[PDB]
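The chain below stands alone, shown as structure tokens; this is the form solved without the ligand.
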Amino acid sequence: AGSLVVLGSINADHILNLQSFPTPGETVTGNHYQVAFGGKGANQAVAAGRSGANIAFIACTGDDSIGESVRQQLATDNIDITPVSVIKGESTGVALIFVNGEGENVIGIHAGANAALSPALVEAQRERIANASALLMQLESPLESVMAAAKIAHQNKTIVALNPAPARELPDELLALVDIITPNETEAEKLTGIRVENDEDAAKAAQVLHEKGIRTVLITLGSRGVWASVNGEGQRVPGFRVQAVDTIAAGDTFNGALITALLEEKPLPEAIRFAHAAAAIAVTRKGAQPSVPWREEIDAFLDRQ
């Protein structure tokens, strides 16, 4: 298994379950509270580490207590935290989350130290990025840093995997550097300009990304699975049926487990089944990282399948 380098955000998730979302000017008392480490960068770094990858993590926390704790935690999640910088005078990223009695949620985010992951910091990681087999990134880090990291990778035979979340348009210069992209429907549309409701739309949107030069395109479709497309040839790959309790980080787990499988040189079809198994498990648990399953659990799930 080649080495993986994840570059992305780190958040401390504060989750409060409550009857209903407070209206403007209102105060509501919740029924359950949970602090769990989150952030797409870390969720994916953890999903990969736990699933068995040889991964190093480029990220930034602040100089606060919470920052030290998450750092303490990630180190035990089978992740090399040597590339995680501490930014003096800044707060560690945070996410305030409400979940109502109807199962819906709303999230408020503070970028904090995450906005400090600069091109200068990426350059300082030139060698690490150069020697890795693949680089996994999202969009909760400055675009200029993601851009600069992708170039170094493109220059040194480092596979570039991008989870284009949260949704936003991207320059062709960055897309022309991506090898594996994993957008959901909203993101696929935002990236191609094509609304994706059905498999016909997904194939069309996929085609647009392929023309940008992206070899592998996986569009998460929600309940019906993912549209897996390699160089124009795609098909819908169903996920597992499970009773969801908390879907947060489901997509991040999918991404982290997927890359682990691919860097293990498993064929795409099996890799996707592996990532789907991991995600299926993740939605049956609460909190982002606390729900990310380890390799043993993933394989056990598969074996009983």
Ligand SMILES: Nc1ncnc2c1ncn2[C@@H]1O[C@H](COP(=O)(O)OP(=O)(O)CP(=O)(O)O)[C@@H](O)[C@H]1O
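One rule holds for the numbers: they count along the sequence shown, beginning at 1. C-alpha atoms forming the largest set that superposes within 1.5 Å between two forms make up the rigid core.
The same protein has a further form, the form deposited with the ligand bound, not shown here; the description that follows concerns it.
- Interface residue remark: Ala250 is counted as part of the site for the ligand in the deposited bound form, having a heavy atom within 4.5 Å.
- Although the partner is absent here, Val196 is not a contact residue: none of its heavy atoms lies within 4.5 angstroms of the ligand in the deposited bound form.
- Taking the partner from the other structure, the ligand in the deposited bound form has no heavy atom within 4.5 Å of any heavy atom of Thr192.
- A residue is said to contact a partner when one of its heavy atoms sits within 4.5 Å of a partner heavy atom; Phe254 meets this definition for the ligand in the deposited bound form.
- Though the ligand is absent from this view, in the deposited bound form it lies within 4.5 Å of a heavy atom of just one residue from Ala279, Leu262, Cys60, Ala53, which is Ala279.
- Taking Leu221, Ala116, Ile152, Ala134 one by one, only a single residue has any non-hydrogen atom within 4.5 Å of the ligand in the deposited bound form, and it is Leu221.
- Note on the interface: of 200 to 208, 222 to 230, 70 to 78, 119 to 127, the segment with non-hydrogen atoms within 4.5 angstroms of the ligand in the deposited bound form is 222 to 230.
- A 2 Å or larger CA shift between the shown form and the other one, after fitting on the rigid core, occurs at just one of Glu169, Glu104, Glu127, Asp172, namely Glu104.
- After superposition on the rigid core, the Cα of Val28 moves by 2 Å or more between the shown form and the other one.
- With the core held fixed, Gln19 shows a CA shift of 2 Å or greater between the shown form and the other one.
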